[PDB]
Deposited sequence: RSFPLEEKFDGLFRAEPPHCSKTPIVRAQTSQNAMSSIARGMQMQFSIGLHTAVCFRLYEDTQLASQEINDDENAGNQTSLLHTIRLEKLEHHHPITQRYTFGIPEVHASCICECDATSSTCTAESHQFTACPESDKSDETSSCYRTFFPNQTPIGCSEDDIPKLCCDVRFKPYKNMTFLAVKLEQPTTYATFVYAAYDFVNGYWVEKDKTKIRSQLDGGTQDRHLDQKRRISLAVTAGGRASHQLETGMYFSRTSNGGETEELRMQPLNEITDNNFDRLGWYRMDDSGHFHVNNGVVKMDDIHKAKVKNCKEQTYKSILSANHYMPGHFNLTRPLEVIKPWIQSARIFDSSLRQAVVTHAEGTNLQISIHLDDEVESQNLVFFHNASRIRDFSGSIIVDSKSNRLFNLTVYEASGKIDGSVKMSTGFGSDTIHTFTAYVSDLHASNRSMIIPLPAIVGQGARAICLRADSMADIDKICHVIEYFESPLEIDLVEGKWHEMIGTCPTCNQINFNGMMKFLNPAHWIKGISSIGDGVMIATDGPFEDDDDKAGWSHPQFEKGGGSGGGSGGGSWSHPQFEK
């Protein structure tokens, strides 16, 4: 079933190699695009496809965390002198071992004195004492990772085809890997070692995930990286993720719970007689009602194809680019001849909608029909075909044979509200063949839990 990719139309620059005090070469220069192919014959058709663009972020920090289910049970003591409900019993301490109660649960005590005598005597100033309880919700487990400045790699696919009696035959097929952060990188591509591929980047990739805190879910086991305010290992913000952390054993606890609990737990007596109180947690990312989970970066970020922790060693994360800038190629050899070939660009029809998504992304959700090669778009002013061009684009369909593909076209802010015409034309197609349609514009836009003790009072009068 062996078949070459669509050979793109690329201008070629003939450069001449410098010389030493010896025996007069030449280099063939061109700019290859990501997710496109280049074809040539040596005077067996040679093809190179810039398949993948990846960033390899080192993982500097790591820590497992979860989402806690919080429950607070209190008790009031009317007499400020009483032995029950005290600083030594409640202030900065975990409620001692119940022996039967769950191993997964994690509790912390807080001391609330200087109360108002409601359902009490006018002179005696009450005191409140609470057990803040935390257990994992739905057994949700995530790894938190600190991704720092990456190394960039390009992945090329070298294939050599032959036309033997009516059909194509993939003779040789390799994967070429080249580091893009330094100078030129050079290697032979064919088995015959006659030809050399030289890859050079202009500067940094058009895109790169920002150095920061990331995470993904764990299935008792890595998954698609997400981004939501998360705490660096050394930080403990209660409004950001990771204050409920998993230790070695698999036991979850509130990071410096003992000490911090009194700054994040706030309770006031409603009536000491009925044993009623107002309670809250001055935090986020807890259950109930304080936790929603952000979708993977892949989903929300069009430039991202995938963003995942590479393996079980948890040392690097790989960001696979969906959109990237071209790379500079030079093909060199002794002294022979090189000719570059290119298939034609075609298009039957297209469909799509202009959308501003919930994450503020302005794109044209384009779908091409029976298409191949380089396809040129022109976004128009009004609904009228022939109105003024406001943006001009070029999409590249990688299929040798005309097929139906779906793609995302980033648009400038000039492509504002209201429906408008868009005109697609393949490469070197007469303006009679140019398909036009009126495209639609869509746009997506962007506490106290009062309880009566329940457990009853053991110390009434």
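According to the record, the deposited residues with no C-alpha atom in the structure span 1-13, 37-39, 60-80, 258-259, 373-376, 490-525, 541-580.
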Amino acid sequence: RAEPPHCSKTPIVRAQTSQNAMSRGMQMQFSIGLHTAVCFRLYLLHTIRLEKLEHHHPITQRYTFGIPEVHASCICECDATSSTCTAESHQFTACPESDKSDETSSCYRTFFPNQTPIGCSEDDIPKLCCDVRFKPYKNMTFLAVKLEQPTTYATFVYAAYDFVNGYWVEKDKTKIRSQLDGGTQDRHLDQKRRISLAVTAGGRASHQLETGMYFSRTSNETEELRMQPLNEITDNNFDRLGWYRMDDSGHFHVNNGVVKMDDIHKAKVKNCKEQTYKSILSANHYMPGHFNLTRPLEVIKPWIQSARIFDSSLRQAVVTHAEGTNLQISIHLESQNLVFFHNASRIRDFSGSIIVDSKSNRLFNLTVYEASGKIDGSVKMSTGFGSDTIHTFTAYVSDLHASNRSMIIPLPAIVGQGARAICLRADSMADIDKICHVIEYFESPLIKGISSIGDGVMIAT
From here on, numbers count along this sequence of modelled residues.
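For the two regions 198-206 and 277-285, the entry's Cα B-factors average higher over 277-285. Across the two stretches, 310-318 and 157-165, the PDB entry reports the greater mean Cα temperature factor for 157-165.
The PDB entry assigns its highest CA temperature factor, among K374, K270, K380, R240, to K270. Within the listed group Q305, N236, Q179, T116, the record reports its top CA B-factor for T116. Among all modelled residues in its chain, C129 ranks in the highest third by Cα B-factor. For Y63, the recorded CA B-factor ranks within the lowest third of the chain. Only modelled residues enter the ranking. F112: CA B factor lies in the highest third for its chain, per the PDB record. Per the deposited record, the Cα B-factor of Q16 falls in the middle third when ranked against the other modelled residues of its chain. When all modelled residues of the chain are sorted by CA temperature factor, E232 is found within the lowest third.
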